[PDB]
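**Student:** Sharing a structure here in structure tokens format.
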Amino acid sequence: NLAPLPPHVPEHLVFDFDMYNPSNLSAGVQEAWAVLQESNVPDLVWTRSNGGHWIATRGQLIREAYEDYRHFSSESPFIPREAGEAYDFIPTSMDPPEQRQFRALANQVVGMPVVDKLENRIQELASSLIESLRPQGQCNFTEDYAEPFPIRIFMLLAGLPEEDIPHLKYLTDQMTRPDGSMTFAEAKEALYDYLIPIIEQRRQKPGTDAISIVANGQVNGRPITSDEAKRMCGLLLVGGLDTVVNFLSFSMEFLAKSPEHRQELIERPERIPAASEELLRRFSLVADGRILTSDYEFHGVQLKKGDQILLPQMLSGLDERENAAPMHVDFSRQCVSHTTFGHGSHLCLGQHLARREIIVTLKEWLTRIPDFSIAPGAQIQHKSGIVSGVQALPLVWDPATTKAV
Amino acid sequence: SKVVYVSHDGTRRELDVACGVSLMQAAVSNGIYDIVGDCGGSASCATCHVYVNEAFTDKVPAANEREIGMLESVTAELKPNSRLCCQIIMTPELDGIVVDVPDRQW
Ligand code: HEM
Ligand SMILES: CC1(C)[C@H]2CC(=O)[C@]1(C)C[C@H]2O
Ligand SMILES: CC1(C)[C@@H]2CC[C@@]1(C)C(=O)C2
Ligand code: FES
Ligand SMILES: [Ca+2]
């Protein structure tokens, strides 16, 4: 459980925090993480939990470390270290200059121009799902909307058949919500095995879908290999699933408890993009980090080569030094600052797709089901980790209050 | 205030850009696709490169060390008036600012 204090860490910087089991979780995950920002806690602390690691608790430090990949390498970005053992997705673990090569190629797949023309399909997918739930007066939002929406968007983007969704759901679920029935490495291998024949077929018969574009791309001044292609195509899938499922769940949990905020977006739909940015701030959910490349003094703290440092994307936006009254959701918030998509060269390459998914969901949901609530007697349970989330979200509504459009 | 973005081909687009918003953000928000903004504005990718019109170069705050470092690796021609537009923050003093967008970012 608790690792020994390395000789260079002074006892006054020690703090009790398990990122996989924070104490006040029942209050909600973001609340539980905000203990790290209580009055006298240092900007940079050490926890004995999860192998032992640093935690930057404040936005200023988090941003700074993310902007310095020479001292803070992505080669080992996960805590505990063994959590990324069989993790080899691209380009998570690369620094520039190579990481930039892969990002250039990924930008051809999920860049702003591609999302903009993709929007009509995203809306149709969201609308269909929502209209199929509407008459029921109930759903589990996480399984009934949050999960199917992003994975169908991926099938569209990647030119893949709907009949392949159960298999892909299963594999990515095994990686992310393991059953015990299969290791992460087995599930990863099976995903790559699904991808790689499609990769090779489309390198020789190119199309306009994401797999064709990746398969035919150049990195480092030469053709992308099948191995590199599968390892990045794998993350274009996995990257877009759990984060979206869980972020949409936190948002809808919030809206289900906030009839005035719902009413704001119903009466003024044009506020939905601004509201979405404030929800990204308030319900930020990712927490990964970096590894020290050399001994380095940072903000008065001696860090050693090989130390891991958690730089939680979640905390920047909750930092009261960056946003006044950080737990308050204000759709009119003047200067919304967050690092919910990360920061530095690794900032989410899918950010524009994510925002469109968020914005479309909120507009297409609120248009049809403006009035909804948590199921009575439902105990809504958060989970904490590298991607924190909601286990389930039973919603209920009176169908008399809904509208088909 | 207004910003004018001149594409490599001479096409000019004029945007209303609010105080405190970066010229990269305004470009990416309004379909100026020749500005990519891949890193999301922390002088980490050099894909928001622009040439600031010399009428405004003594009005824009100078580029810091980080921006100067990041500019080293722009893929279009680096010029004396090259800036990362994510590092140019709109203010009323800059109303009218013209920037030229190179033919490549990646
Ligand atoms: C609310 C939704 C999302 C959130 C909060 C989010 C958050 C993040 C964060 C914080 C990172 C950086 C982690 C690090 O620096 O080590 C990241 C990376 C990444 N994301 Fe997202 N993401 C979201 C949606 C998406 C979507 C929709 C896609 C693709 C369809 C996607 C694909 C990726 C990929 C490929 C990376 C790796 C980028 C790199 O390492 O250079 N994400 N995401
Ligand atoms: C930390 C990440 C957000 C990043 C690397 C992961 O596996 C994520 C959990 C999804 C991916 O985009
Ligand atoms: C938790 C994760 C999101 C990340 C990618 C796979 C995963 C299960 C990890 O262990 C690292
Ligand atoms: S947007 Fe990345 S350097 Fe400007
Ligand atoms: Ca195999």
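Numbers in chain B come straight from Swiss-Prot, and the residues shown are 2-107, in order.
So this one's X-ray crystallography, 2.1 Å, going by the header.
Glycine residues also receive a Cβ, built from the backbone N, Cα and C atoms like all the rest.
What Swiss-Prot shows for this protein is this:
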- B:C40, B:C46, B:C49, B:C87: [2Fe-2S] cluster binding site (BINDING)
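I'd like to know what surrounds each of these features in this structure.
**Tutor:** Every protein chain shown contributes to the tally, and the Cβ of B:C40 ([2Fe-2S] cluster binding site) ends up with 28 other Cβ atoms within 10 Å. DSSP assigns B:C40 ([2Fe-2S] cluster binding site) to coil in the three-state reduction, placing it in neither a helix nor a strand.
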**Student:** Could you check the binding-site residues B:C46, B:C49, B:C87 and tell me which sit with their Cβ under 8 Å of a chain A Cβ?
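**Tutor:** Cβ contacts with A, in sequence order: B:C46.
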**Student:** Return the count of C-beta atoms lying within 10 angstroms of the C-beta of B:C87 ([2Fe-2S] cluster binding site), excluding that atom itself.
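**Tutor:** Cβ-Cβ neighbours of B:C87 ([2Fe-2S] cluster binding site) within 10 Å number 29.
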**Student:** Centre the Cβ atoms of B:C40, B:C46, B:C49, B:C87, go out 8 Å, and tell me which other residues of that chain have a Cβ in range of the [2Fe-2S] cluster site.
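**Tutor:** Once B:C40, B:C46, B:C49, B:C87 are set aside, the remaining close residues are B:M25, B:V37, B:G38, B:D39, B:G41, B:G42, B:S43, B:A44, B:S45, B:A47, B:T48, B:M71, B:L85.
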**Student:** What is the total of other Cβ atoms whose distance to the Cβ of B:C46 ([2Fe-2S] cluster binding site) is within 10 Å?
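**Tutor:** Excluding its own Cβ, B:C46 ([2Fe-2S] cluster binding site) sees 29 Cβ atoms within 10 Å.
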**Student:** Provide the number of Cβ atoms within 10 Å of the Cβ of B:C49 ([2Fe-2S] cluster binding site), excluding the reference atom itself.
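**Tutor:** Step by step: centre on the Cβ of B:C49 ([2Fe-2S] cluster binding site), count other Cβ atoms within 10 Å, giving 29.
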